[PDB]
Every structure is written in C-alpha cells, then in structure tokens.
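In: build me a model from this:
(chains A, B, C and D)
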Amino acid sequence: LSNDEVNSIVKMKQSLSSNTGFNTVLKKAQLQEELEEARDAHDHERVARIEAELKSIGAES
Amino acid sequence: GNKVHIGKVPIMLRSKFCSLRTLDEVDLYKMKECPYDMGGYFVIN
Amino acid sequence: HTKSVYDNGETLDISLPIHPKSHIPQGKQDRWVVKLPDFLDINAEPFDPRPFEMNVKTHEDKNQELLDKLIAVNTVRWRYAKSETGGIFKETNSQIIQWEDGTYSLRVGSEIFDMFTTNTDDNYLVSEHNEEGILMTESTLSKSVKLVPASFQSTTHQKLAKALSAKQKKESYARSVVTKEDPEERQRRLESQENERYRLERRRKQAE
Amino acid sequence: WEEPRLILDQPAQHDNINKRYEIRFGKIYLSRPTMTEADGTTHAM
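Out: Numbering: from 1, shown residues only, chains lettered A, B, ... in the order given. Shown next is the structure:
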C-alpha cells in the first residue's frame, strides 16, 4: 500500500469509528484548542457550542 | 499581508500552551503520561 | 562694581488694555498653586443636566468605566440656581473646610481631600499678553498644595484601589489560533512558482 | 514591537518620485504544538 492509500483507509475507518479512547482524548484536546482559539477571538456564540459539545463528550469513569 | 510563519518555539511541558494542561487524570493515563510528572522541561529531539 | 550694560535710554510708549476684576484680594496678593489629582477634575462649564445624561458613555472595560464614573462624580462643577425671589445666583457643589488645627481640605459632596502645603519662595503668577509679547505679573504663589484622600475608608480611595488593582490583572497579548496545514507550505509553493518564472524569464531574455 | 518598522525609501529619478516602502509587524498568533509528517498530513502532537 501507498501512503495516500493508508490515509484514505484510515479516514474511512475513522468515519466507521464509533469510539476509541485514544481518539476520544485526541478529539477532546482538539476541541479544547478550538475553544481557546474562540475565546481569544471574543466569539461568545461559538464558545457556547464548543462547551456544550465538550460537556456531552466528557464525563468519563 | 497576513499571518506569516516566523518559526517554531519549543513548549515547556505542563505550561499553559502544553497539550497536557487539560486532559484531567484519566486521559493522562491513556496518553502514557505519568500523573506524578511535574513538567517544567522541554523536549528537544 | 558691575557697571550697568544698558545705558542707551531707549523707551517704548506701549499702553496695555486692562479689564476690571470681579474680585480683589484683601491684605495679601497671595495664591496657592494646587496640583490636580487624577481622581479629581474641574468642570468650569456650567452644569447642564440633559447633555450630561445624554452623553454618558458605557464601555466594556470595567476599569475604564469605573475610573470615568469616579472622576465624573468627583468632578468640581457649578450651575445657575434660581433664587426664591426670582433672581439668578451662581451655585457650586464644592467647598473649602478649615479644621481646628488650621489645616485645609477640599470638599466635593461628601468626599473630603486633605491639603498638604509646602512653602515655596520666588514663585509668582503672571498674565500672558501674546499679542504684545510681554508678561504681566499677577500675584505671588507662596505655597504649593497637594490633595490627598482623607482615609482608606473613603469611597474615592477604594474605587481607585479597585481600578488600579484590576487594571494590572488583565494581561494577555498573544492570540491563539489553530493550524490546519503545514506552516512551511506557502514558502515552498511560492519558491516553486518563483523558480518557474525565473526559468521562463531567463528563456525570454535569451530569446529577446 | 521593540522594532515595529522596517523602512526603505527611494528617490527615483530614472521625475522626482520619492517612494517609501515600509512594513510593520502586527499581532503574534500562537498555536498548540503540531507534527507535520513527511507525507504532508499534520496532527496534534
């Protein structure tokens, strides 16, 4: 397989990916980074949506 | 004239711009990071 | 004996226009120079309630808004007061209070600011006559006076402390952003285009 | 911002045309640490 084919297969399985702890942690980190970016831009509307999404994704055990 | 890239600054671990400042206790284990690690150092090469 | 340098005797017949004074000092031509603090302001204009209410400004910055509110409420003002007999009188909101110890205090409303006086010699007040380019003296500035808040519990001091304490708390200049692609991609693609047009230009010049 | 201006000027006579070319430095934008692989994909590190 080529590198591009590997990336395509990984994206396909990510679309198929229901949940994975490593991927959930990565998604939460990316969401936190996006939230701080929105905070620095004084966007009070996006930050509410990002906070709601973070609350929904979180609550681990 | 817009955001031109001038370089990359190394990030001190557990500082405000580190990825481990968030992530709580549970996710710190999934990332293979010791919760007893205190940060305060850089990772070069 | 340092002999006088000027002996020509040349004289100017300049006549200066002088206006009558609304008041005249008694017993001594003495005045006190007072430095104006940041929390105290002077509004020489007569107080106009409607423009003042219509021109109140609201800002997101809490520190600036609080400072503006404090300086506005502490500003020395005056207005025309209609007397009960139908006449008009000048009415002010500021007074000077002398205590039993002899110290002086500037009062605006319920706020009291103490005065600290330091004697100054060879300090005078003059009136400028720009059209004739000469300076006419007015009186002597014997004492320099500083205005100080009376106590910690004074509302002006507490507001100043709050404003200055929260002013230095806000400090964040760098703004975060999310990188979606390689930061070096622009440089390499533009270098490729520049090399391409270099080759084309070299070919054109060799063909020109 | 210690040195916020780079200035070049040129009194072109080649018609006196004094052209000044000046570039100013603006805000600083920082990001979370990121890894850019050889293939081209970039991801959080």
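In: burial measure for residue 26, as a count.
Out: By default, I'm working from chain A. 17 (other CB atoms under 10 Å in any protein chain shown). Just so you know, the C-beta spots here come from the backbone N, C-alpha and C atoms, and that holds for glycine as well.
In: ah, no, chain D please
Out: 11.
In: repeat for residue C:154
Out: Residue C:154 has 15 neighbours, counted by other CB under 10 Å.
In: next up, phi/psi of it, please.
Out: Per-residue torsions, residue C:154: phi -60, psi 140 (degrees, to the nearest 10).
In: equivalent analysis for residue B:44, please.
Out: Torsion angles, degrees, to the nearest 10, at residue B:44: phi -110, psi 120.
In: for residue C:167, same thing?
Out: phi -70, psi -40.
In: now it, nearest residue through space, not along the chain?
Out: Once flanking residues are discounted, residue C:167 sits nearest to residue C:63: 4.7 Å by CB to CB, 6 or more residues apart in numbering or on different chains.
In: for residue 22, give me its contacts.
Out: By default, I'm working from chain A. Shown in contact with residue A:22 (CB atoms under 8 Å, 6 or more residues apart in numbering or on different chains): residue B:30.
In: meant chain B actually
Out: A:28, A:29, A:32.
In: please report how far the second one lies from chain C.
Out: Pointing back at residue A:29 there. Separation of residue A:29 from chain C (CB to the nearest CB, to the nearest Å): 12 Å.
In: got the residues of chain C near chain B?
Out: Taking CB under 8 Å from any CB of the partner chain as the contact definition, chain C meets chain B at C:177, C:183, C:184, C:186, C:187.
In: hmm, 6 Å instead?
Out: Listed as neighbours of chain B in chain C under the rule CB under 6 Å from any CB of the partner chain: residue C:183.
In: spatially central, which residue of the chain would that be?
Out: Just going to use chain A. Closest residue to the average C-alpha location of chain A: residue A:27 at 2.7 Å, with CA atoms, centre = their mean.
In: other chain: chain C
Out: Nearest to the centroid of the C-alpha atoms of chain C, with distances taken as CA atoms, centre = their mean, sits residue C:38, at 7.1 Å.
In: closest residue of chain B to chain C?
Out: As assessed by CB to the nearest CB, chain C sits closest to residue B:5 within chain B, at 3.9 Å.
In: element containing the residue nearest to the centre of chain C?
Out: Following DSSP states H and E, one finds residue C:38 outside all helices and strands.
In: SS state for residue C:5?
Out: At residue C:5 the chain is in coil, as set by DSSP: H, G, I helix; E, B strand; the rest coil.
In: what about the longest helix in chain A?
Out: Longest helix in chain A, counting residues (DSSP state H): helix A:21-40.
In: any buried residues in the helix or strand following that helix, and which?
Out: For helix A:21-40, the following helix or strand on the C-terminal side (DSSP H and E) is helix A:46-57. Neighbour-count burial for helix A:46-57 flags A:47, A:50, A:54 (criterion: 16 or more other CB atoms under 10 Å in any protein chain shown).
In: which one of those residues sits closest to residue B:41?
Out: Sorting the buried residues of helix A:46-57 by distance to residue B:41 puts residue A:54 at the head of the list, at 28.7 Å, by CB to CB.
In: tell me the residue furthest from the middle of the chain?
Out: Looking at chain A here, since you left the chain open. residue A:1 (27.4 Å).
In: actually chain D
Out: residue D:15 (30.8 Å).
In: what about it, distance to residue C:16?
Out: Applying CB to CB, to the nearest Å, the value for residue D:15 to residue C:16 is 56 Å.
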